[PDB]
Each structure stands twice: as structure tokens, then as C-alpha cells.
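Inside the fold
Each chain is listed here by its residues.
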Number of protein chains: 4
Amino acid sequence: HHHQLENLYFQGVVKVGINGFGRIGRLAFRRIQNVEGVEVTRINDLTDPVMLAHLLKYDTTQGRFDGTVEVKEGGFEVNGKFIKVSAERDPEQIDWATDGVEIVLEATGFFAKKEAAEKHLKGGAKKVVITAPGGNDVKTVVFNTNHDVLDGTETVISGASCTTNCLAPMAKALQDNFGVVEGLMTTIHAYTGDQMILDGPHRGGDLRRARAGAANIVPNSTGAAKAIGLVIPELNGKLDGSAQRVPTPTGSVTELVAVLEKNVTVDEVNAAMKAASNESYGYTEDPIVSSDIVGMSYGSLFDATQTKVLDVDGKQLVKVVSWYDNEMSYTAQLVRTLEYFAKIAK
Amino acid sequence: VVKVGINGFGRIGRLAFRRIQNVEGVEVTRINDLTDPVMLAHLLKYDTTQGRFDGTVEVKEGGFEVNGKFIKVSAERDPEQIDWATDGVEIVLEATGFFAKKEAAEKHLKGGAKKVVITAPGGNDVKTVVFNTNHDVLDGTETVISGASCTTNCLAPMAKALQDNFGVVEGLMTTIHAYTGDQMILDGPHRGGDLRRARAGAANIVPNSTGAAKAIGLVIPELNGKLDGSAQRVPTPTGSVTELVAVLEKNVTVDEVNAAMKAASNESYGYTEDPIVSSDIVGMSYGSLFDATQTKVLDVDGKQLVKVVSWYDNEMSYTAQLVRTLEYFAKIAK
Amino acid sequence: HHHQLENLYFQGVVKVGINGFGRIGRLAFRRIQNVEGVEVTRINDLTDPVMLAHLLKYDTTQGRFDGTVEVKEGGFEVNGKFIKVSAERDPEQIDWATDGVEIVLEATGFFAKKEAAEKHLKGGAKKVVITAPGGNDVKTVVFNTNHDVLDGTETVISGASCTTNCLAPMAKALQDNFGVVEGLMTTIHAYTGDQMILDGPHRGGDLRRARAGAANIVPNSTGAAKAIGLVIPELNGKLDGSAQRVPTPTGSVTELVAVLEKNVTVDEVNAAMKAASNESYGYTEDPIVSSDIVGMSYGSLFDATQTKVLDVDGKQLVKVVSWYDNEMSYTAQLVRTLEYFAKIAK
Amino acid sequence: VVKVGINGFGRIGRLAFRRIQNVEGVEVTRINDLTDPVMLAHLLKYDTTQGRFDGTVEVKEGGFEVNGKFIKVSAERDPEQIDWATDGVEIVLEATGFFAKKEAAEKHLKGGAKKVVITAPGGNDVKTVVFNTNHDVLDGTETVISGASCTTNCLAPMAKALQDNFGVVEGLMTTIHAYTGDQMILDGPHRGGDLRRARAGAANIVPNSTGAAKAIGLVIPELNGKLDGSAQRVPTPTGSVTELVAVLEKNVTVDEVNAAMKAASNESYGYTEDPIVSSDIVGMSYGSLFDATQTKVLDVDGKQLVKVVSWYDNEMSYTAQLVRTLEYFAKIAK
Ligand SMILES: [Ca+2]
Ligand SMILES: [Ca+2]
Ligand SMILES: [Cl-]
Ligand SMILES: [Cl-]
Ligand SMILES: [Cl-]
Ligand SMILES: [Cl-]
């Protein structure tokens with residue numbers, strides 16, 4: 001009876017707008033091409049469209065675009081369909097509604113806070129998903145970990161980080177099955193665009209991101225584990241971590257060393273992960289390596305071959321390890337949350 | 001003068017030769033390897049990661065002339081075939097990827113050598129020595145000893161310091177490690193059957209099993225059975241870093257942890273507070289370099305997990321430790 | 001009237017056998033999965049099948065296998081179909097005919113010469129294609145450059161090398177349109193399995209292949225240009241060349257600097273290449289880079305953006321440049337020749 | 001003592017500082033760069049490709065203390081803002097990726113410097129000097145000069161030797177070149193609009209335009225307009241090799257070509273017959289290293305095409321040439 005959900009039953013097309021056509025924005029565009037009932041009808045980015053079209057067609061790590069891309073006067077012709085490309089620097093000036101846009105992926109990195117991201121509503125968009133944390137009045141959502149926190153009335157939400165989308169389902173499964181006292185994370189992580197190609201002054205003052213990223217093992221700080229409480233309240237304040245950036249251009253792996261609230265065996269841990277598996281959190285027993293997860297659609301892929309339970313006179317330390325393509329795994333999660341959020345809008 | 005012979009002129013054998021050139025009272029007078037000496041001379045002169053050789057190398061009838069001195073190069077395959085005594089060799093560096101067994105390594109004594117140091121674990125009936133961690137275990141009467149592995153030479157002083165200052169309940173190690181010659185350059189069948197070492201080593205993050213932490217008890221009895229670990233091989237050709245996450249027997253602060261490491265520092269175990277990266281340690285002579293910038297103490301309602309991290313050049317750091325043990329071992333004679 | 005060709009008209013299935021399941025053998029298997037009317041019914045390789053199945057499923061440069069692979073008693077289950085995998089070290093002992101094999105891809109590198117490769121005929125196979133040169137009584141075939149040299153009665157043929165399959169259509173187009181006096185080739189080439197991962201003794205005695213291949217620019221000798229006469233008789237003895245191996249795991253590019261028999265312009269050269277283009281020899285005017293050709297199906301991809309015509313008081317030197325994936329481009333050519341050879345057998 | 005000031009403490013500026021430490025009678029007394037001195041001190045100490053600094057570096061109020069001596073570090077952005085004379089600087093190394101113009105570079109003279117050397121082409125009204133190829137063109141009265149590019153410093157002695165011995169009709173260059181800081185670490189918009197420098201530089205073979213061969217006439221008048229070329233950038237962080245394919249004015253043999261290069265050899269132009277690879281030249285002080293193992297003479301019915309190949313460390317080889325020109329330029333004063 002009619003306080004009912006509707007968009008799940010009778011929505012034809014979810015029209016998406018992308019503000020910021022960097023790595024994530026372009027990869028989200030690519031994924032949406034394969035999502036029935038969701039399509040991008042507007043891109044906004046200050047870069048010359050000739051440059052943007054070229055980078056959409058050709059991608060070092062993710063391969064050639066599946067289809068044709070041609071620059072036109074007001075935007076691109078992508079697999080026939082024209083798609084407007086604007087270059088407004090003020091989000092309040094983007095007339096999203098003229099292109100039917102209802103939800104915006106905000107991926108520039110300059111409008112993270114609620115009031116900043118809500119500028120897209122002035123142009124007529126209804127909802128916004130941020131490609132980063134994750135402020136004071138904004139929920140953080142890892143799809144298939146805590147998207148049930150959404151009621152559909154929120155205006156701005158965060159898709160969390162890529163590392164959070166890998167860690168969260170793995171840490172939650174430990175908590176649900178065994179209980180976590182505390183734990184430390186180490187991500188062995190592909191280099192990224194916040195590192196220098198060769199040694200040189202880094203804008204932020206980071207003496208390690210100043211170093212050649214493709215020729216070094218580079219320690220760097222993280223926030224996923226310290227901030228996990230935003231996705232899994234029961235783990236608030238229980239985890240910390242850091243990263244080692246290494247010379248691959250994409251593909252990463254997350255290790256968690258944890259003290260649990262009860263004793264376990266390796267098989268029990270692995271069986272718990274298998275039972276928690278879904279389209280966001282995969283399970284494998286194959287001895288794969290990082291190139292095997294590039295382009296994959298899981299947000300997180302648990303690797304049962306790397307599980308360890310160290311038992312010393314009954315005192316136990318546990319290691320669990322999950323793979324992720326820090327590019328496409330995070331993008332696949334963003335797109336799941338984009339669609340879900342739009343469809344439970346009401 | 002300690003006259004040393006080298007069996008196996010691979011990465012470690014060649015780098016040990018380079019180091020011994022600078023150890024007064026130690027000199028190599030006999031190399032032997034089943035490779036054409038022209039190939040060996042070229043690989044001694046030119047080294048992708050460790051640079052060009054300091055001096056002159058010329059191939060001559062029976063071996064090399066290195067900085068004037070001639071050095072016999074043989075090509076046997078049984079240590080008994082090596083007349084170490086004809087070249088005056090007293091102690092042998094055994095550095096082929098095989099032969100890591102006492103009876104197997106004792107074959108060199110028939111050729112007239114007195115002592116043998118094997119460049120890998122092989123310690124069922126053989127003492128395992130990380131210099132400046134436990135070389136005091138040697139009395140000089142041993143025939144064959146092990147220099148342990150390079151991961152052990154990195155971990156051991158760090159783990160020993162935690163044990164000495166605070167007590168260790170248990171711990172898990174992760175080493176982010178340069179690729180090595182037991183991995184394939186491109187995807188292909190690995191002779192051991194390892195499905196991960198069969199993969200392209202310079203284009204992947206590759207999980208790898210280790211033994212350093214599980215076998216630490218051979219170097220630090222007080223840690224026997226308390227540790228486990230594993231590795232992630234990554235696309236650098238040398239330079240590695242070892243992380244240890246441990247449960248200790250008392251609560252600590254970060255400053256207390258770092259101060260304990262500094263107090264344990266010496267020529268084998270370095271200390272830095274500079275935010276370095278892996279290229280900054282390639283070629284260094286410390287066996288282990290503790291990095292105070294990476295220390296973590298997670299305290300959750302008084303229960304603590306501690307992370308400590310040391311760097312090492314898995315090539316030159318290990319080699320420098322081997323040569324320390326070679327010199328000391330020869331010095332304390334029998 | 002009935003001295004007619006038949007296999008082009010009424011052949012149902014070309015059954016292929018692969019001797020040697022290395023990089024090329026596995027990639028040829030992958031391509032054949034997408035070739036209607038051609039299928040592999042027998043693999044012979046001395047490697048443990050568990051290792052071989054794993055390497056077919058997971059491929060660092062060419063991605064995950066499109067489908068499922070499962071080890072069975074006598075071989076593999078690949079996308080349902082069972083495929084026998086033997087491990088005979090003597091090719092005369094391979095009973096190809098029991099599996100209906102008519103043509104063998106001989107890719108071990110130990111049976112290049114005619115008499116050696118003809119051992120496969122003892123087991124009942126009819127034809128053999130060698131994945132390397134290219135002996136004294138054996139024709140060398142670059143598909144869509146000189147496959148018309150085949151009359152279908154040959155027993156053993158060579159698919160040439162991967163570098164030859166890139167150079168040949170480019171050199172032939174210059175010869176046909178303008179005439180070649182002489183020329184020198186330089187390939188900038190991915191590292192390969194004949195190089196060491198770290199500095200160490202090389203079995204062949206090559207002091208450069210002994211060096212770490214992923215951490216160096218490594219000069220190495222070639223044979224494609226010196227031996228081009230085997231594919232293009234009119235260029236016999238007119239070319240020489242060499243290679244620089246560089247730190248990418250696949251993807252290569254071939255430059256030819258040539259003296260021609262007449263003066264030209266850059267546009268004239270590029271137009272000549274466009275007219276010579278086909279499914280083996282592509283044409284592009286996009287400023288691509290090496291990652292953009294990994295996995296591609298052209299044997300050779302001419303890049304019009306790199307064309308140069310240096311004219312000094314009327315004396316001209318010309319540079320033309322073509323891309324190739326030294327893995328998949330060569331494999332795609334091998335598979336074209338495999339099918340054609342089987343189908344004009346008669 | 002020649003007192004030098006450095007504007008721009010990037011790769012070249014820092015490596016030139018490292019070299020000048022070993023040039024007696026030349027010393028840097030003033031650096032200025034718009035970067036925080038803490039960042040600059042860290043990058044001087046630690047260098048991914050060129051190793052750790054030889055000495056001590058400590059940040060202090062007005063700059064660095066390097067091996068005791070204090071060195072002022074400023075952060076202006078207009079050469080007139082630099083009081084070179086207050087620091088006694090006579091000659092300025094102008095090494096920011098901009099300012100490659102005579103009037104632009106002459107701004108340093110207002111601050112009290114006498115001469116300027118720009119670390120890139122900028123030669124419309126500025127002489128271009130490859131040391132030991134054409135530094136005899138300087139008379140000492142010039143204010144601003146160019147050290148040319150690093151590709152020019154590699155090509156020039158090789159091309160000059162062909163011209164001197166045999167005569168050059170024409171030629172095309174290909175350099176297989178390390179990636180540089182004008183390429184992206186990952187695919188992304190390039191500020192110049194270059195669709196190839198927008199691509200991940202350590203994961204691709206990247207075609208690149210050059211100017212060294214087209215502009216060679218500025219260093220070797222006899223080759224003006226005779227050459228063209230281009231580059232392939234590849235995944236090494238330093239170390240490069242330049243190939244020249246040329247039509248000569250007479251027929252030659254390989255031995256004749258190689259002998260001519262050996263006779264042209266000097267401190268700027270080296271000669272080797274060893275089959276080296278790129279890591280063997282990183283850090284070398286020669287501007288150019290001719291490799292006789294790569295020489296080709298293709299003779300087809302008497303018509304010849306010749307290939308000659310030289311190595312260079314696009315970082316340190318170029319820097320060593322710059323510092324040679326700095327010293328000479330200061331020495332021949334006005
Ligand atoms: Ca869609
Ligand atoms: Ca098929
Ligand atoms: Cl964290
Ligand atoms: Cl272990
Ligand atoms: Cl050739
Ligand atoms: Cl040029």
C-alpha cells in the first residue's frame with residue numbers, strides 16, 4: 001500500500017552526469033556503457049575535449065575503449081549517441097537538468113564537503129556521489145557492505161576510497177564471524193598520480209611522494225583503516241594502517257593482521273569469507289598475481305591461499321589478504337552505488 | 001691473510017668478491033663456476049644494480065687478472081675436484097643455489113680448505129649466524145656454518161631488540177621484496193612447479209613463501225616458534241623492506257620502541273629518521289636499516305599491536321653480513 | 001571443371017594440434033577459440049598439465065582466459081569441450097590422427113628443419129607450420145604479404161618471425177610504390193624470455209641477453225631485415241637491421257630508414273600505406289603508444305604520424321614506422337596462415 | 001674561485017651542484033628556487049638514479065650547510081630579485097624549464113652576475129656550445145650562452161666525426177630515451193596538449209619529437225639542414241642511446257668508421273668495444289660514449305648506408321658537459 005518504492009519498479013533511464021573526467025570519471029563512463037538503464041548524458045571538465053576524447057579512447061592499463069569516440073562541436077559522439085561536454089569551473093553553473101541529469105558523480109576533488117557538492121543541485125541535479133571521503137554530514141557507502149544505511153532522502157553521499165572498498169567487506173566478515181579486538185593494515189599499492197614520475201618537488205610537501213614512483217618502493221600514509229568506523233561502526237577506532245606504493249601502474253593488495261575475540265583455524269576463516277562472497281566481494285583459491293585482477297569487477301577479491309593463523313601456546317594472530325584493482329574495482333563499486341542511490345531515491 | 005675461495009659466481013658470489021677486495025687480510029685466490037670465464041669477467045665488470053667494478057678485469061689463460069693479481073677460475077662440479085690448497089685457500093664461500101647441506105658442503109675440505117660458509121639456510125647440523133646478532137655462538141671448531149638468508153639478516157636484529165627490551169608474544173612478518181632470479185622474466189613453466197614464480201616477475205605483485213620468520217629460532221632461541229611470515233615480490237630489481245607486526249609482553253610508546261632500536265644500532269643494524277625510499281638503500285653495507293618513520297603502536301583500550309619496519313638491500317646488505325662472518329670465522333680460527 | 005579446390009567449399013572443421021604450449025602456443029589456442037570452423041583437438045607439451053592449465057587461465061600481458069579451464073585425467077576441459085594433452089618428447093610418437101589432427105603448429109623450437117618437422121606426419125598429421133624460420137627447403141609465409149606462394153602441396157612451412165610479420169608489409173609497399181635502393185631497420189622491442197630477469201650467465205654466451213631485461217635498454221641482433229628476401233624477393237640483400245630491447249613485457253615498434261628509387265612526399269608515403277592496408281596491415285593517424293597495440297589482431301600497424309622525408313638539395317632519406325604486439329600480432333598471423341594452409345591443401 | 005649561482009634546483013640544477021663540489025676553483029654560493037628549502041635539501045641528499053650525496057646537508061635559517069659551508073637558498077621568481085653580487089656570484093646556471101631567451105636570461109645581470117649559461121636550447125641570439133665540439137667559438141664577451149640539450153651533447157661529437165673524416169650528405173637520428181619529467185606518471189591531461197606526453201611514461205614506448213638533429217647547425221655549421229630525427233621514450237628513469245643512420249660522401253668500412261671515432265675520443269666523447277647496456281652508463285661523466293659494437297655499414301652494389309650509435313646518461317652526461325662549459329666560460333672571462 002502506497003508509501004511504496006517506485007523507481008525500482010518503473011524507472012526507465014537513470015541519467016548520470018560526471019563532473020571531473022580523470023581516471024575514475026572516464027572508467028565510470030566506460031562501465032556505465034555496459035549497465036542497462038543507466039547512461040551518461042553530460043560531462044563537465046575543464047580539459048580540452050580533444051585531449052579528453054583521446055584519453056577515453058586509449059588507456060594504458062584498462063585497454064582500448066569498446067566502441068568509437070569522435071569529437072563534435074558541443075561534446076562527443078560515443079557509439080553513435082551524442083554526449084554534451086561542458087567546461088564550467090563553478091558547479092552552480094552546470095545546467096544538469098537541461099540534459100535530464102538526476103545524479104552527479106562528483107570526481108574533481110574540489111567539492112568534497114556537503115555544501116560544496118550541493119552546488120550541483122542548483123543546476124537541477126537531485127543527488128550527488130563523491131569519489132572521496134566523506135565529510136561531517138555525509139554518509140560513506142561501500143556497496144554490499146553498508147548501502148542499507150541509505151534511505152534515499154540524502155542529497156550528497158560518499159563512495160568512500162578505493163582502499164576502503166577493498167578492506168571493508170574483509171574486516172566486516174571477521175567482525176561478524178569471530179569479533180575483532182584490533183588490527184593493522186598494510187596495502188601493497190600501485191603507484192598513482194599523486195606521485196612524481198621522477199624525483200622532484202611535491203606540491204604537498206610530501207618527501208616520499210616527491211620520489212620517482214615507478215622506480216621505488218615508497219611508504220605512504222593511509223586513512224581507510226583509521227576511518228573504518230564510518231562504514232563498520234563496530235570497528236570504530238580498532239584499526240590502523242599504512243601503504244607501500246610499488247612499481248605497477250594499477251593493481252593492489254590489502255593485508256590485515258588482526259587479533260580476534262576467539263580462536264579459529266585457517267579453514268574456518270576461509271569458509272567465513274566464502275560465505276560472505278557476492279558480486280562486490282569475491283573469493284578465490286587460485287594462486288593469482290596482481291595482473292590477474294586488473295579490470296575486474298569485484299570491489300575486493302579475498303585470496304584464501306594467503307590466510308595465516310599463527311597460534312603460540314593458544315594465543316593467535318590472524319592474517320587475511322584481499323586483492324583489488326584500485327582503478328576498476330573502486331569504479332565498479334561507485335557505479336553500483338550510483339545506480340542504487342538513484343533507484344531508492346524513492 | 002685469509003685466503004678465500006668462491007664456489008658459485010652468481011649475484012652473491014660476485015658481490016662478495018667485490019667486498020673482499022676492501023677487506024684487508026682477506027683475499028680471493030680461487031673462483032670456480034661452471035660458466036665460461038669470459039662471461040664471468042663481463043658480469044663482474046658490469047652490474048645493472050650495483051654499478052661498474054672498481055678496478056681492472058682481464059681474462060687470462062687460467063682465470064682473471066683483477067687489479068694486477070691473477071685469480072684462478074675453475075669449472076668443476078664436485079668440491080672434491082677443487083684443489084683449494086694448491087691455491088692456499090683456507091675458507092670457502094659456498095654460494096651455488098644448491099649444496100646447502102653439511103655433508104654436501106664438507107666436500108670442500110677434501111680439496112684442502114679448512115672451513116665453509118654456505119650463503120643460504122641449510123642448518124639442521126649447521127650453525128646459523130647473523131653477524132652482530134649471534135656470531136658469539138661460534139667457537140672456531142665448526143667446519144661448515146650458514147650465513148642465513150638475507151631476509152633473516154634484516155629481521156633478526158629488529159626482532160631481537162623487541163625481545164630484549166619488551167618481550168615478544170608472537171608476530172607476523174611481511175616483506176615487500178625485490179624480484180629475484182628464481183622468478184620468470186615472462187609467464188612460463190617454473191621448474192619447481194611454483195605457479196607464482198612462473199609469472200613475469202617485473203610486471204606483477206607476486207606473493208611468495210618465506211622461511212626467515214618461522215626459522216628465526218635458529219638465530220634467536222628466545223623467538224623459536226613465535227613468528228611466521230610471507231613476502232610480496234614487486235617490480236624492483238633490488239631493494240626490499242621487512243615489516244613486523246607483533247604482540248609484546250608489555251605496553252610501549254612509539255618513542256620507546258624507536259629509542260630501543262637506536263640503542264641496538266651498530267655496523268650491522270642501522271637507524272634512520274629520514275623518510276627514505278627503496279633506491280636510497282641499494283648498495284648499503286648495513287645488514288638491516290631500522291626506519292623510525294614507519295613505527296606504529298596501536299592501542300585499543302590498553303591492548304597493543306606494534307609495527308616495526310626495516311630496510312635492506314637483499315643483495316649488498318646480505319653480502320656485507322656474509323663477509324663480516326667470513327672474516328670473523330677465519331680470525332677465530334680453530 | 002574438377003581439378004577444383006574443395007576445402008574452401010565443403011570443409012566443416014579444421015582440426016589443429018599444437019606441439020609446444022609456450023607463449024605463442026597458448027595465445028594461438030586463445031585465438032582459435034574465436035575462429036569458426038577451426039579448433040584445437042590435441043596439445044603436446046612436456047610440462048605438467050596443472051602448470052599449463054594455470055598459465056592458459058592467467059596471462060600477465062594478454063589478460064584472463066575468456067572462459068573456463070579445468071584439468072582432467074587425459075587433458076583439459078576448456079569451455080566444456082575436452083582436449084587431450086600429451087607429453088611425448090619424440091614427435092613421431094604423437095598420434096595426431098587419433099584426434100583427427102590435420103595440421104600441426106610446431107612451436108617448441110627443436111624441430112625447425114624440414115626433416116625434423118616432418119616427423120609429425122608419422123602420427124598422421126598432413127601439414128606443419130613452424131613458429132620460426134625457415135630452413136633450406138621450407139617456404140616462409142607472411143599472411144597477406146606472400147601467402148600466394150603456397151600451392152597447397154607443401155608439407156612443412158614457416159610462419160616467419162614476429163618482426164618479419166611487422167616489417168614485411170611495410171617494406172613491400174615501399175618497393176611496390178617507389179622502389180627501394182637499401183634500408184636499415186631498428187626495432188624497439190619488448191623484452192622476451194631469451195633475456196635474464198637479473199644479471200646472470202646466459203646459456204648462449206650472449207653478453208647482452210645475460211643482463212636484467214626489465215631494467216635496461218639492451219641492444220640485440222636481428223635477422224628479419226637480412227632475410228627479407230625469403231618473403232619479398234625484390235628486396236633480397238637490400239636491408240639490414242638490429243634491435244633495442246626495452247623494459248616493457250610486450251609491445252614493439254619497427255622503424256625503417258630507406259633510400260628510395262624516386263622522390264616522394266610524406267603525404268604520398270602515407271597514402272601508399274593506407275592503400276596497402278588490410279586485416280593484416282593496419283593504418284592509423286592517431287598518436288598512439290605501445291600499450292594501445294597490446295592484444296591487437298593486425299600483424300603490423302602503420303603509424304602515419306611518425307613518417308619522415310628528409311630532403312637535402314633533392315637527395316632524400318625516408319623513415320616509416322609500424323607497431324606490432326610481438327606476441328598477439330604474430331599469433332594472429334600464424335592463425336591466418338594455419339587456416340589458409342589447411343584450406344588450400346586442396 | 002669562480003662563484004656560481006643556480007636558478008632552478010631540478011634534476012640538472014642539483015646534479016650540477018653535485019659536480020661543482022669537485023671542480024676546484026668553482027663553488028656554488030647561491031641557490032634559489034621557489035621550493036621550500038627542506039624539500040630541496042632532502043632531494044639533494046637522496047637521488048633515485050644518481051645515489052646519495054657525498055657529504056653532509058643540513059637545513060639552516062638562510063639555506064643549507066653543505067659540508068660545513070653555508071649556501072644561501074632564495075625563493076624569488078624574477079632574476080632581478082636575486083642579489084647575486086651580495087653572494088659574490090659571477091656566473092649563473094639558468095636551469096628552470098623556462099627563461100630560455102637572451103633578454104629573459106639577461107635579467108640575472110641586474111642582480112650583479114656577469115655571465116649566464118642556460119641549460120637548454122634558446123639560441124636565436126645566443127651561442128650554443130657543446131664542450132669539446134665547439135667551445136672555441138666563445139671569446140669571453142658573451143653575456144648569455146646555451147649549453148644546448150643533452151641529446152645534442154650526445155649526437156654532436158659523433159656527427160662531427162663523420163663530417164670531418166668522410167663527409168655527410170644527410171642523416172636521420174633515432175634516440176631511445178629514458179622517460180623524463182615532462183611525461184605523466186599515469187594517463188592524464190598534459191598541460192602542453194601533447195597527446196603522447198599525456199600517457200603513462202614508465203609503462204609505454206612513447207614517440208616524442210626532438211630538435212637536436214634539426215638544430216645541429218648551431219653547433220656544427222657544416223651539418224646545418226642535413227639532419228632530422230625523433231625519439232622513442234621507454235621505461236627507464238635515466239640512460240639513453242642515440243642512433244644515426246647517414247648517407248656519407250664516400251664509401252667506408254666498419255673498421256674505418258670505428259677508428260675515426262676512437263681518434264675523435266676525449267673527455268667529452270668516449271669509446272668502447274664492450275657490449276654494455278644502459279645501466280652501465282648512468283652517472284658517467286662523458287657527454288657521449290661511442291659504441292663500436294653497434295656500427296653497421298650496409299653496402300648494396302656499392303651504395304652505402306651507415307649506422308653509428310652512442311650512449312649517454314641524459315642526466316649526468318649532460319650535466320658534466322654544462323659544468324665543463326661553466327668552468328671554461330668563467331676562465332676565459334671577458
Ligand atoms: Ca548504459
Ligand atoms: Ca574455433
Ligand atoms: Cl589507515
Ligand atoms: Cl617465515
Ligand atoms: Cl636484420
Ligand atoms: Cl631533430
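Regarding how it was determined, this PDB entry cites X-ray crystallography in its header, along with a resolution of 2.000 Å.

Contacts between chain B and chain C engage 32 residues on the former and 32 residues on the latter. For the pair chain B and chain C, the summed buried area comes to about 2600 Å², and 71% of that belongs to carbon and sulfur atoms. Three residues stand out in chain B for area buried against chain C, namely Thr-48, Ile-185 and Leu-186 of chain B, and they jointly supply 26% of the buried area on that side. Connecting chain B to chain C are zero salt bridges. Taken together, the connections running from chain B to chain C amount to seven residue pairs in polar contact. At the level of elements, helix 1 (11–20) and helix 2 (37–45) of chain B are the ones that each hand at least two residues to the side of chain B that touches chain C. The dominant element in the side of chain B that touches chain C, judged by the number of residues it contributes, is helix 2 of chain B, at four residues. Here the side of chain B that touches chain C is composed, by residue class, of 15 nonpolar, 11 polar and six charged.

Another aspect to go through is the pairing of strand 2 (residues 26–32) of chain B. Residues and elements named next belong to chain B. Counting buried positions along strand 2 gives six out of seven residues, so the element sits mostly inside the fold. In this fold, the crossover linking strand 1 (residues 2–7) to strand 2 by way of helix 1 has right-handed handedness. Direction of pairing for strand 2 relative to strand 5 (residues 69–74): parallel, over a ladder of three bridges. Pairing of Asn-32 across the sheet is with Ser-74, part of strand 5.

Residues and elements named next belong to chain C. Among the structural elements, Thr-284 can be located in strand 14 (residues 281–284). Within the structure, the side chain of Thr-284 is placed 3.0 Å from the backbone nitrogen of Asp-286, a separation counted as a polar contact. Excluding anything up to four places from it in sequence, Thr-284 contacts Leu-301, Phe-302, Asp-303 and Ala-304.

Residues and elements named next belong to chain B. Per the UniProt record, the feature "binding site: NAD(+)" (unreviewed entry) sits at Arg-11, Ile-12, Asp-33, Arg-77, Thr-119 and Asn-314. Separation in sequence by 304 residues is matched in space for these annotated residues, since their most distant C-alpha atoms are 26.8 Å apart. With respect to the secondary-structure elements, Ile-12 resides in helix 1. Beyond its immediate sequence surroundings of up to four residues, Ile-12 is in contact with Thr-119, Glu-315, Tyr-318, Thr-319 and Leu-322. Structurally, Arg-77 is set in the loop between strand 5 and strand 6 (91–94). The exposure class of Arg-77 is partly exposed, given its relative accessible area of 43%. The contact partners of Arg-77, leaving out residues within four places of it in the chain, are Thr-96, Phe-98 and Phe-99.

Once that is clear, we can look at the coordination of the calcium ion (ligand 2). All names here are of chain C. With distances of 2.3 to 2.6 Å, the protein atoms coordinating the calcium ion (ligand 2) are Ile-32 (O), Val-35 (O) and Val-38 (O). The sequence motif formed by the donor residues of the calcium ion (ligand 2) is I-x2-V-x2-V. Overall, the relative accessible area of 21% leaves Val-35 in the partly exposed class. Exposure remark for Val-38: the relative accessible area of 8% places this residue in the buried category.

Quick look at helix 2 (residues 37–45) of chain D now. Those residues of helix 2 of chain D that fall on the buried side of the exposure criterion are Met-39, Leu-40, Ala-41, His-42, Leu-43 and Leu-44 of chain D. Along its buried surface, helix 2 of chain D packs onto helix 1 (11–20), strand 3 (57–60), strand 4 (63–66) and strand 5 (69–74) of chain D.

Residues and elements named next belong to chain B. According to UniProt, the feature "binding site: Ca(2+)" (unreviewed entry) maps to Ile-20, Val-23 and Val-26 in the numbering used here. Mapped onto the secondary structure, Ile-20 falls in helix 1. Counting through the fold element by element, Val-23 comes out in the loop between helix 1 and strand 2.

In the structure shown here, the tally under the stated rule is six cavities of 30 Å³ or more. Taken as a whole, the largest cavity holds about 70 Å³ of empty space. For the largest cavity, the full set of lining residues is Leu-184, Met-185, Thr-186, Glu-255, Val-257 and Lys-319 of chain C together with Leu-172, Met-173, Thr-174, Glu-243, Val-245 and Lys-307 of chain D. Looking at the lining of the largest cavity, the elements that each hand over two or more residues are strand 10 (180–190) and strand 13 (252–260) of chain C together with strand 10 (168–178) and strand 13 (240–248) of chain D. The residue inventory of the lining of the largest cavity, partitioned by class, reads six nonpolar, two polar and four charged. The space that makes up the second largest cavity amounts to roughly 60 Å³. Looking at the second largest cavity, the residues that line it are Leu-184, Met-185, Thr-186, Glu-255 and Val-257 of chain A together with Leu-172, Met-173, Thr-174, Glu-243, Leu-244, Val-245 and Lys-307 of chain B. Where the lining of the second largest cavity is concerned, the elements lending two or more residues are strand 10 (180–190) and strand 13 (252–260) of chain A together with strand 10 (168–178) and strand 13 (240–248) of chain B. Within the lining of the second largest cavity, the residues separate by chemical class into seven nonpolar, two polar and three charged.

All names here are of chain A. Pairing in this open sheet of nine strands is mixed, and the strands run 3-4-5-2-1-6-7-9-8 from one edge to the other. Whereas interior strands pair on both sides, the edge strands pair on one side only; in this sheet they are strand 3 (69–72) and strand 8 (139–140). Examined bridge by bridge, strand 4 (residues 75–78) and strand 5 (residues 81–86) share four bridges and lie antiparallel to one another. Considered in strand 5, the bridge of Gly-75 is made with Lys-84. Across the sheet, helix 3 (residues 49–57) touches strand 3, strand 4 and strand 5, and the angle it forms with strand 3 is around 170°. The strands touched by helix 7 (residues 328–343) are strand 1 (14–19), strand 2 (38–44), strand 6 (103–106), strand 7 (127–130) and strand 9 (156–158); relative to strand 7, the strand with the most contacts, the crossing angle is about 160°.

Conventions we followed
Residues numbered from 1 in each chain as written, not as in the entry; some residues may be left out. Chains lettered and ligands numbered in written order. Heavy atoms only, no water. Contact = heavy atoms within 4.5 Å. Buried area = accessible area lost by both parts, 1.4 Å probe. Salt bridge = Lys/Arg side-chain N within 4 Å of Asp/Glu carboxyl O. Polar contact = N/O pair within 3.5 Å; in protein donor to acceptor, adjacent residues only side chain to side chain. Helix = DSSP H or I, 4+ residues; strand = E, 2+ residues; numbered from the N terminus. Nonpolar A, V, L, I, M, F, W, Y, C, P; charged D, E, K, R; others polar. Buried < 20%, exposed > 50% of the residue type's maximum accessible area, 1.4 Å probe, protein only. Right-handed = clockwise from strand over helix to strand, strands pointing away. Pairing = 2+ DSSP bridges. UniProt positions renumbered as here; feature names shortened; annotations may be inferred. Donors = N, O, S within 2.8 Å, 3.2 Å for Na, K, Ca; no water. 1 Å grid on protein atoms, 1.4 Å probe; cavity = no way out; pocket = protein on both sides within 12 Å on 5 of 7 lines; lining within 4 Å. Points joined across faces, edges and corners; volume = space filled by probe spheres on them. Axes fitted to C-alpha atoms, helices over the stretch in contact; angles between N-to-C directions.

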